[PDB]
Amino acid sequence: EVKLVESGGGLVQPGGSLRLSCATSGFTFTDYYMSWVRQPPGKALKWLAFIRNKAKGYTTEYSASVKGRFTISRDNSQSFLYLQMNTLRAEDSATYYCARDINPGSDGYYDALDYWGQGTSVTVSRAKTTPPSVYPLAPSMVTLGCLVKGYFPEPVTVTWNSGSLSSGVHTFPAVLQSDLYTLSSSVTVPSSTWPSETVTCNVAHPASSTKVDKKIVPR
Amino acid sequence: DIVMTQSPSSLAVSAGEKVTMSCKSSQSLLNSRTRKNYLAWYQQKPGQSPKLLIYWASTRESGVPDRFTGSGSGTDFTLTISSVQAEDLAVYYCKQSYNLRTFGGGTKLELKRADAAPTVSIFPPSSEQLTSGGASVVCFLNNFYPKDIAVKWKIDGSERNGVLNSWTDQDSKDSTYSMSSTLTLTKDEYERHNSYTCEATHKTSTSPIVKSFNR
Ligand SMILES: C=CCO[C@]1(C(=O)O)C[C@@H](O[C@]2(C(=O)O)C[C@@H](O[C@]3(C(=O)O)C[C@@H](O)[C@@H](O)[C@@H]([C@H](O)CO)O3)[C@@H](O)[C@@H]([C@H](O)CO)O2)[C@@H](O)[C@@H]([C@H](O)CO)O1
Ligand SMILES: [Mg+2]
Ligand SMILES: [Mg+2]
Ligand SMILES: [Zn+2]
Ligand SMILES: [Zn+2]
Ligand SMILES: [Zn+2]
Ligand SMILES: [Zn+2]
């Protein structure tokens, strides 16, 4: 199976630099052009750059929006794609995807971005990294939740019982206020499984390397 | 500079119905040699990465349901979904690859369904938060339709600043929305009053849904 995994995303100050990376496998890396694409929260996809394959001599191209500021490159020995970003600004805040681009030299060639990574998030801001506080929300069925309050930057991840509980989960999009995000997550289970059975929310905040497990106890 | 534009910006369709969306390029994407149009369609579901649906304007990517069809040529292209399904909720992007790549602004497809009343739950501040001097009161309004909804916070009978709301994306299976409302107070302020009330007003009833607790 083809696999693409971005990394390198985090918080960076206005004017700063940051390099993203993209690990790939499941296909012959050098046969393919590779692209970076970004998407600011709530906005459209934006193609940024590509780097051609070996047959094309690995030449590069950029959108006018990042030309002269960003650099795309590839390490063919271990099949990595890179994006060096300099002179970053708020408008550059976004999730960045790497995508497998074309192979013109194949008879089966067709023109599209046929595989995408999960994306890595980038925030350009002077504001400080702040870990979340994670609070339990407890009162036929019963609804519980976790409040993930006052963190920066995005993102965080929330699971329930290590992902075992995934049905009847609602994670509400974060809301920014005074340089800090807050988000909540709800879960609904049968009244017979709580409190008689443990319910725990698991919260991670990569930028502060925070890992939290919070059990929901009645009260 | 190839400018890509899509239409409509958004729309809502009932399950089972046909959906049509448009994409325009500022110039032809047609290779005269091959007569291939360098126009692709991508689907992006809430919280997911973009996924290839159609390329060469009309070629369905392997694994894509038959209900998805791409057509058009030159500067005008269409994506058609027959029998839209609840899971089709997404933003759809067209993209030219004739000269580098350029995405359109996207079409947001939402799903129309029968009106559904919210299930409302209120939650008092946790003791762990109170210990640090803060006091957040949370209200969940889950599984309703349509999206439009009002939340009223009342403390000791008096409506209440300090309120932040957040709506989920539409649900992929039941096409409902949910919404969270958080009233953040200081502990000192929280301890001054007894009754905390979350009032939901939705078209599904003439009477507000009222959830509350006493401190
Ligand atoms: C004047 C004739 C040029 O070449 C073509 C033609 O019919 O126009 C196209 C050839 O296109 C390729 C190839 O090696 O197959 C691939 C091209 O790729 C890219 C690019 O690298 O910028 C990316 C694509 O997604 C697409 O945007 C195309 C453009 O639409 C232009 O084709 O560009 C590109 O790398 C060219 C390269 O410039 C050399 O032509 O090559 C190729 O099919 C030839 C054919 O082999 C001989 O006629 O026709
Ligand atoms: Mg493919
Ligand atoms: Mg739901
Ligand atoms: Zn060039
Ligand atoms: Zn295919
Ligand atoms: Zn008061
Ligand atoms: Zn009072």
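So you know, we letter chains A, B, ... as the sequences are listed, proteins then strands, and number each from 1. FYI, side chains are in, hydrogens and waters are out, and symmetry mates aren't considered; it's all heavy atoms of this structure.
Here the shortest heavy-atom pairing between A:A44 and B:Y93 reads CA-OH, 3.5 Å. The two residues B:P124 and A:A138 have their closest heavy-atom pair at CD-O, 3.8 Å. Closest of all the heavy-atom pairs between B:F140 and A:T143 is CD1-CG2, 4.1 Å. Considering all non-hydrogen atoms of both residues, B:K95 and A:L113 come closest at NZ-N, 3.8 Å. Here the closest non-hydrogen pair linking B:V138 and A:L137 is CG2-CD2, 3.9 Å.
Atom CD1 of A:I102 and atom CZ of B:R101 lie 5.0 Å apart (nearest 0.5 Å). Put simply, CE on B:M179 and OG on A:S184 are 10.5 Å apart, with the number rounded to the nearest 0.5 Å. With rounding to the nearest 0.5 angstrom, the NZ atom of A:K149 is 4.0 Å from the OG1 atom of B:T184. With rounding to the nearest 0.5 Å, the separation of CG in A:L176 from CG in B:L164 is 9.5 Å. Note: B:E61 CD to A:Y110 OH = 4.0 Å, rounded to the nearest 0.5 Å. In this structure, CZ on B:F103 lies 9.5 Å from CD on A:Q39, to the nearest 0.5 angstrom.
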Under the side-chain contact (heavy atoms from CB on, under 4.5 Å) rule, what do B:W56 and A:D111 come out as? Steps first, then yes or no, please.
CA-CA 7 Å; B:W56 294 142; A:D111 209 291; 3.5 Å; yes
Show your reasoning for whether side chain to side chain donor-acceptor pair (under 3.5 Å) applies to B:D171 and A:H170.
CA-CA 9 Å; B:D171 190 298; A:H170 289 299; 4.9 Å; no
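Looking only at heavy-atom pairs under 4.5 Å with chain A, the residue among B:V91, B:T168, B:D1, B:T182 that has the most is B:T168. For chain B, the option among A:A112, A:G117, A:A174 with the highest count of heavy-atom pairs below 4.5 Å is A:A112. Chain A forms the most heavy-atom pairs under 4.5 Å with one residue out of B:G47, B:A40, B:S166, and that residue is B:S166.
Heavy-atom neighbours of A:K214 NZ from other residues, nucleotides or ligands within 6.0 Å: above the threshold of 12. For B:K108, the NZ atom is loosely surrounded, since the number of other residues' heavy atoms within 6.0 Å does not exceed 12. Other residues, nucleotides and ligands contribute over 12 non-hydrogen atoms within 6.0 Å of the CG atom of B:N214.
Of the atoms belonging to A:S178, not a single heavy atom falls under 4.5 Å from chain B. For B:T59, no part lies under 4.5 angstrom from a heavy atom of chain A. The contact between A:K43 and chain B is made entirely by backbone atoms, counting heavy-atom distances below 4.5 Å. At a 4.5 Å heavy-atom cutoff, the contact between A:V37 and chain B is made by side-chain atoms alone. Of the two parts of B:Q44, only the side chain, counted from C-beta on, holds a non-hydrogen atom closer than 4.5 Å to a non-hydrogen atom of chain A. If you measure heavy-atom distances from A:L144 to chain B, the contacts under 4.5 Å come from the backbone alone. For A:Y62, the part lying under 4.5 angstrom from a heavy atom of chain B is the backbone only. Within the 4.5 angstrom heavy-atom criterion, atoms from both the backbone and the side chain of A:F172 approach chain B. Residue B:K36 does not touch chain A at all, counting heavy-atom pairs closer than 4.5 Å. Contacts of A:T171 with chain B are made by backbone atoms alone, with heavy-atom separations under 4.5 Å and no side-chain atom involved. For B:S127, no part sits under 4.5 Å from any heavy atom of chain A, backbone or side chain.
At least one side-chain heavy atom of A:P136 sits under 4.5 Å from a side-chain heavy atom of B:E128. When side chains are defined from C-beta on, B:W167 does not count as touching A:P173, because their heavy atoms never get closer than 4.5 Å. In this structure, A:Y135 and B:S136 have side chains that are not in contact, with every pair of non-hydrogen atoms separated by 4.5 Å or more.
In this structure, B:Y42 and A:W116 have perpendicular ring planes: the angle between them is above 60°, well past the 30° mark.
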